[PDB]
Each structure stands twice: as C-alpha cells, then as structure tokens.
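Written out below as structure tokens is the structure these notes cover.
Computation of the quantities below employed the complete heavy-atom set of this structure, encompassing side-chain atoms and omitting hydrogens, waters and symmetry-equivalent molecules. So that the names make sense, note that chain A is the first sequence line, chain B the second, and so on, each numbered from 1. Every number for a ligand or one of its atoms is a count from 1 in the order of the listing.
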Amino acid sequence: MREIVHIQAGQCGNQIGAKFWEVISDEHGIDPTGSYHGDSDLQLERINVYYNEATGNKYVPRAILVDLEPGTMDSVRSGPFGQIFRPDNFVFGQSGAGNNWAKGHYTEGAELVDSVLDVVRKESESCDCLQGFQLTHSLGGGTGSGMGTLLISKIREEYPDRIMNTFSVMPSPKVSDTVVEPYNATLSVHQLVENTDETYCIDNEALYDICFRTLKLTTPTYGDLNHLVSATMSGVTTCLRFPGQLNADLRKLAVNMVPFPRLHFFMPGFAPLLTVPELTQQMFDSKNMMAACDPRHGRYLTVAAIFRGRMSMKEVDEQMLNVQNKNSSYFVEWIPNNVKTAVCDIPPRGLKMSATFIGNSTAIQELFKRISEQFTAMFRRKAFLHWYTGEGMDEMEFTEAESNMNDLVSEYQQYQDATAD
Amino acid sequence: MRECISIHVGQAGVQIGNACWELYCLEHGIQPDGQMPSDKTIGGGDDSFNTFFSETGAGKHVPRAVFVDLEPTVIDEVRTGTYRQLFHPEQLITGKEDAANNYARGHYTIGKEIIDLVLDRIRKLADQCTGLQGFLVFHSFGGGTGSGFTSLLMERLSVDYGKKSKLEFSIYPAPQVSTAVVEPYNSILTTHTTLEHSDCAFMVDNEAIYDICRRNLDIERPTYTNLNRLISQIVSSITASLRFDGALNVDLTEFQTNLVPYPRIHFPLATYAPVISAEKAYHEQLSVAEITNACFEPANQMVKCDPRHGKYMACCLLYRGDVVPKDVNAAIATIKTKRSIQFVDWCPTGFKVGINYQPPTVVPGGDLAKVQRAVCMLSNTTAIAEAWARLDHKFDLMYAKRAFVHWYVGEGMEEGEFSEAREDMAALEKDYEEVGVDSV
Amino acid sequence: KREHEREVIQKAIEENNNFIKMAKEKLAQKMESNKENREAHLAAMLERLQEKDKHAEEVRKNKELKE
Ligand SMILES: Nc1nc2c(ncn2[C@@H]2O[C@H](COP(=O)(O)OP(=O)(O)OP(=O)(O)O)[C@@H](O)[C@H]2O)c(=O)[nH]1
Ligand SMILES: Nc1nc2c(ncn2[C@@H]2O[C@H](COP(=O)(O)OP(=O)(O)OP(=O)(O)O)[C@@H](O)[C@H]2O)c(=O)[nH]1
Ligand SMILES: [Ca+2]
Ligand SMILES: [Mg+2]
Ligand SMILES: [Mg+2]
C-alpha cells in the first residue's frame, strides 16, 4: 500500500478538491456515507492510495481541508460527499487572507500552519508506506497561494524524501479581475520551482477558452471551469489509482517526466472535450490543453498519455507511433523514447473512451511569460506594493521571485534550442 | 548432486521465474502441491531433476529458488496463486518501497536494507546442497531493482561464494513494453557493475521476443504473459541438460568452455525453433533439417543483430525430443554449404551438439504448438555487440545533457560512476571488434 | 616438479582470495561514499529550508517594528 496524503487549501483549492473526491469516489464505487457498493474488484485493489479504512467497511479520504476563511468549510460539509471527510481533518481560521500572499505565507497563514501539520503528521504516521503529498490550490489568491506554499516548505522539512505534487490553478484576467493576482502568482512560482517535484499547471485562461470557444458557453461559471479540472484530475491520477504498469506511483512518474529538477511544470490535456485515431489527434491539439500554450511553439521533453476505455491496444500503439512520426520536430531528439502510453480498462463516468495527456513542454514558457508581463506592468510602478511591505516584506523579495521566474523561462528556452549534435 | 540455485530479481525476474518453474513442473510431472508420483525415492535422491528441486520428507519437490523484489505486489501473486504450495514462504522475499526505475535506489538506498536478509535466505538453500554448482540470476536491465539490486547481489555473491559460477538471464529493454525513460542508464550501470562477477550472460531482447510473438504466433499485441511463455521455452532448452540425463546429453558447463574465449566475451546469442501456432503445426511436422535451418534465420534470434555481418567464435546446438545424430549431421552439412557462416581464424569451425530425448512441453492455454523436436542454438558472435552499440547511443544522447542525472546524484551517486560505466562499455565494444580481426 | 605443483595451487588460492578481498573493499568504499553523498545532499536541502524559517522570523520581526 503506497499512501498519498491529499491537501486542499483556500477557496479554489477546496472547490476543485471536493470535485476531485466526487469523481474518484464514484469511479471506485464508494458512497457519500463511505461504503462500497460497486461491482468490480479492480475498484478496490488500490483503494489505499487515497482512502483510509475504518471498520464497518468504511472508506475515508486521506484528505486535509484548509482555509483562513471559515465559509468554504461549511460549503464542503454541505456539499455532496461532505459527509465523507473526517471532521478532525478540517482546519479553519477566521481571518480570510484578502488575496494577499504575504498574509498567507508570513502572517495569518503562519499562525495556522502548525495545527495543519498536526493533521498531516497524524495521517502520515498511519501509513504503511507513504508516497507523498498532493496539494490542490490556486496561485492567484492569498491562502492557496501563500499558505499553500508555506505548507509545502514545512512538509518538505519533515518529509524530505517524499514526493511533493501540486495541482496549481494559474490566474487569468478573463476569470478574475483582482489586480494583485500577478504578484501572488509570481511569489507562488518562486516557491514551487524550489520545493515541488511535480506541478500540474491548471490555467484559468485555457479553461475559459475551452468553455467559450469549444464548449460554446457564453459566460462560464467556476462550476463549468471545474468540470474540466475534475475530468483532467481524474485522468492524471488513473495510473496511481488502478492496477497497472506505467507511472503507477508518484516517484516513478517524476523520474519519467522530470529530466531537470526545475523543469517540473506540466501541461495536461484531455479528449474528448470516438475513434482511437481521433482521440490521439485531439489530445495533442492546442485546443485541448489545460494550459494556454501552443505545443507547436516549443518541444516536448517528455510525455505521458493515458487511454481509458475498451479499445484496441494494437491501434493505440500504431496511433502513438503515427503521431510521433508526423510530429517528430516537436519532441527533443536527445531524450529517446520520451513518450509513454498506459491503457486502463475503466472509462470515466459517461464516456465510452477518453484520453488524458501530460506534457513537459518547453512551450510552458508562454504561460510564465504572460504572468511575467502582467507582473512587470505593476512592479515598475510599485503598484499595490504597500499590501506586502505592510506585512514586513522587502522589495528585494519581489525582484528575486521575478528574476527566478525569468531564469526558469530561459532554461526552458535553452533545452528547446539544444540539439543532439 | 550438482545443485543450481535460481535467483529471480524484480518484476521481470519474478514473472519469468513463474513461467520457468511452471514449465519445469510440467516437464518433470510435479504437481502444484509439489508431489511427484513417479519419484519413488521419498525425501531425497540424486536424480537429474534434483539439481533444480530439493525434496522434503512429505514428498514435496521444492524449487531451489529465491524470489526477491523491493516492492510486494508481484511476489504476492506467487504467494496467493496456482503454485503457492510449491514454495516455502521464506523463499519469497519482499520489501515495501521499490527502486522507482532508479539503479541508485536498487543498489544503495533501498536495496542495502534487504541485502543481508536475501543473502541469509540464499545461504539456507546453499547449506542444503551437497555439491553446489552455482547460480542462475534472472532480472531486467531496465528496472531499478533488476539493475541496481542485481548488481549489488552479484557483487556480494562474489564475496560470499568466491568463483562459484554465476549465470544471468538479462532482459534487454524495448520501446514497445518499456516503462522508464532511464532504462538506458540503468542498463549501462548494471552491465558495468556485474561484468566481472558473471561467468555467462544470456541477453533476451524484449523486441526480438515481441516480434516473434507478433509474427510467428499471430499475437496482435503481445503481453508479458506471451513473452514470458516463450522466454521460458528458451530458458528450459538451456537448462534441460542440467535437469535431465541421457546418452547424448552434454552438460551446459561443457558448452560454456566453447562459448567464452576471454572472460569479458561471455554473451552468447540464443536462437530458438520452432515457434509455431497450433493452427500451423497441424499436419506439418518440422524435421531436424527444418528446425536447424530456422536457427540461422535472424528473425528467430533472442537479440536483434545480424550474425551474417560479424564473425562466429563458437556454435552450439541443443536439441530436444525426437532427434538422432545422423539427421543432425546431415542438416549441419547442408547449412555449411549454403549459409553465411564465417568464423574468426583463431577458433575451429565444428558445431558442438547435445541432444536431450525428452520432448518440449507446453503450458495449458498458451500459444505455442506441442512439437516433437526443438532446438536452441547458442552462438558466440561479434554481432551481439550491436545490442551494446544501440544502448550506448541512447545513453550518450541523454548523458550529453545530463537529462535525469539529478535523480541518481540525489540518491548519492556521482557523475564519475556514469562516465566510468560508459568507458567500460566503449572498451567492451572495442573488445568485440578486436576479436574479429584476423591474426598476423 | 612437486615444488612447481605446490606453487600453482598456491597461486590459484592467492588470486581467488585477492579477488574476494578486492571486491569486498571496492563495495565497502562505494557504500560509504554513497551514504555520505546522500546525507550531504539532504543536509543541504534541510539547510536551505532552515534559511527560509530564519527569513520568515526576520520578516514578521520587520512588521511589528512599524506602527
Ligand atoms: N478554476 C477555478 N478557479 C478558481 C475557483 N475559485 C477561485 N478560483 C481562482 O482562484 C484565484 C483566487 O484564489 P482563491 O482560491 O479564491 O483565494 P484563497 O486561496 O481562498 O485566498 P483568500 O480568499 O485570499 O483567503 C482566482 O484566480 C480565481 O479565478 C474555482 O472553483 N475554479
Ligand atoms: N520479458 C519481460 N520483461 C519485463 C517483464 N516485466 C518487466 N519487464 C521489463 O523490465 C523493465 C522494467 O523493469 P521491472 O523488472 O518491471 O522493474 P523492477 O526490477 O521491478 O524495478 P523497480 O520496479 O524500479 O523497483 C522493462 O524493460 C520491462 O519491459 C516481464 O514480465 N517480462
Ligand atoms: Ca527422490
Ligand atoms: Mg477565499
Ligand atoms: Mg518493480
């Protein structure tokens, strides 16, 4: 049993977290009471990865729920599957961070962090063999952003040989107007680059554009955006949750996907938003990326593709070979055999077949460049800086975060321009 | 006496172990509970099958075998499966955390936690032997445990058992069934580390086996189960000389004398025939000449390489089933005046032949036809070095950028172990070139 | 001839012992160098995180000394 400890921090964190648990509980055939009423032995075989067992055949998410705002905690508890989370695993303050990273990271968040650790430690010590941690949060706010990144640093000190995995929601002016969001995102990125092993970039920009442009929904709710997030998240954790060969645990996934420790930011893809050739064509389409970057504007270092549903393995193999053949310029030639394929038998809910894509592409720079441009339009005017210096932060800290994020960009550019010869 | 101990390491080693041992049981009429009705000597004996099976007072025939994996889920399948009564619980050893496709973890971080326990279990098998001949080690090149733990284990066996022979069955990686980008790293590190500790190593190229399954057995998309059944047939042919006796039987050790001209030149090419479906075998008997001919078809090799473009240093034919020397010699004489068989000038050209009379068995539900006669050719060719050239090239592409190297350094390894392992491989490729040059 | 035969068998024992000796020692140096490197890689990571707590102490300090 290789246990994962799940942490959700802040509004976004908690919203997407609850959605995550709904989808996977359905897929593993467990009740909102916490009972197994499924049909397939394959649903229970690796249940331990995400669920603790309490007797009465009751499964309890290994989930920790965190916010400085007491509100969203009621929202989870009154949600569907609100009954399932351990009462003790809820950790609320009352002073909401008011979209201020410093409040989350240095002050109010730092006052609350120690009783979050208490619950982490309690969950961790009960583990047969802990893989590590996944945090769902946004980078735009203050709690998810600041306190989420503080939790990372703090967990890392006590579990330095464990994997730290994040699902990080990147901000977009198309979804939120809160102007200080570029600041919050840059300070977050600075932390994530040094202290996580793997980060799934969930770009709000891209989620908007899929709802508006592909799904044709004129103004999309957070609920429409999150339907995409949960279907993605179900996809990328399939290999952890069901018996299988490839990328079956967080460390093995990291070793296949991370050629250089800083370049650990992944674009996930989904399809459909069907025949095997179409699924394959669609998952590699710019229009199917959960990050707002064109793959055809960089090169792939590594890729994982997960097919779900009853289909021909022969055909998936040929189609994967076909896509690499035809698109060979977009895979670095100095990492051989860098695209891996898993096929799981269980489709997600409502689909006969799906494809989930995880890419480490140098085209992710485009996302960091967007954040850097919006950050630089504030910072050279010292705009809203008093919100941060007001909690004790130096101007030097802003300069450092920015130029580290700039360093990450040129590094992605370096490996894009590199050749075998 | 002459006992052999089998050590199955990691997922590939273990799953191949299952297939081999199931097949050995069918070959000797041993039931899944270990009982063998035809064995009249209860609790012991010095029969041919005793090289591979020990015997308890209650009539149980027990594999002289240890299964080891750093993770528990593949070994748990042996523990709860068909042949679970065959093995004493202490022969099946598991940790909790695997090597995560990392040689450093298999060799150091994780493997050092379990190595003393494994050597104690091996010691317990060795102590039951009256004349231990040596070890057969089964592992993948690509896995973290298969590479790192095996290399640690081989080093330690050299210490504890001196020069006692150690043979390897090594699974060489293929893109169609591989699970890690870093398999070329793991392959070079293990090959460099075990090279001095191993007497003889049979490389099994997963792509050669995948191709044979697709092409000869009409399997659309072969699984490990397909590959392993075929691998076990080949392993069985090699060990058949140890497990049966007969007039024209020739011991594996005697083939080895011919197969290893210098200690580093110890990687024989295996080729097996016939591989044929039940549908195609029906009413079509393959004669001795047909199967011997199939040995010189490169599509039938266990490693992809072309012997027509290198030189032979030895050639051995291990026949099983309904085969007499007259027919073998006729088939050999035909092939010699018709095939691309060039020897180095320093070794004689005669083929060495052994025949076991016991015909091949197949496992229920498998893909291979039951045939009356089979052959495994073991050759020593300079062409095997192509398999090294391919892996070394993959290693160089990634290593020039230090791609993934931080995963190994993070576990305590230095870059100097990489360049050192790579240099040994360059020197090996060079050795293979030099042995093929004519004498002055 | 008998003295020569004695020397050959002694040579064989000596070389087999030298091989066991040298394999035992190379392995022990490798397991030591590795334990040290792993440890220094972890000590460095922990130190970097130690400097983060020291910077967070100092930032909260810098807040309170302003009214
Ligand atoms: N995709 C998605 N994005 C969200 C959701 N909720 C909030 N966001 C985004 O999250 C960012 C704001 O962060 P929040 O999670 O609301 O902030 P917080 O972490 O709760 O911090 P405080 O409210 O300041 O205590 C903005 O960019 C929003 O667009 C959601 O349910 N789905
Ligand atoms: N022929 C064959 N090859 C296999 C099998 N299982 C794995 N492999 C190959 O072995 C390599 C992967 O190594 P494994 O043996 O699975 O890894 P391991 O030794 O368990 O190492 P870790 O899991 O990293 O601790 C790949 O090249 C696989 O294709 C099998 O049953 N048969
Ligand atoms: Ca007996
Ligand atoms: Mg909020
Ligand atoms: Mg394994």
Closest approach of any protein heavy atom to [atom], naming residue and atom:
atom                    : value
atom 25 (O) of ligand 1 : A:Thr143 OG1, 2.6 Å
atom 3 (N) of ligand 1  : A:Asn204 ND2, 3.3 Å
atom 27 (O) of ligand 1 : A:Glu181 OE1, 3.2 Å
atom 32 (N) of ligand 1 : A:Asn226 OD1, 2.5 Å
atom 31 (O) of ligand 2 : B:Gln15 NE2, 2.7 Å
atom 20 (O) of ligand 2 : B:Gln11 N, 3.0 Å
atom 19 (O) of ligand 1 : A:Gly144 N, 2.8 Å
atom 13 (O) of ligand 1 : A:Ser138 OG, 2.8 Å

Could you tell me, atom by atom, which parts of ligand 1 come under 4.0 Å of a heavy atom of [X]?
X        : value
A:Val175 : 29 (O)
A:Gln15  : 31 (O)
A:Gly98  : 24 (O)

Interatomic distance, B:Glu207 atom CD to B:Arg214 atom CZ [nearest 0.5 angstrom]: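 CZ of B:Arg214 is found 8.0 Å from CD of B:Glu207.
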For [X] and ligand 2, answer yes if some heavy atom of the residue is under 4.0 Å from a ligand atom, otherwise no.
X        : value
B:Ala100 : yes
B:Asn228 : yes
A:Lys252 : yes
B:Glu71  : no

Do the two ring centres, one from B:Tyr408 and one from B:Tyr185, sit under 6.0 Å apart? yes
Shortest heavy-atom approach to atom 15 (O) of ligand 1 - which of A:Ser230, A:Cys12, A:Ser95: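 Closest candidate by heavy-atom distance is A:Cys12.
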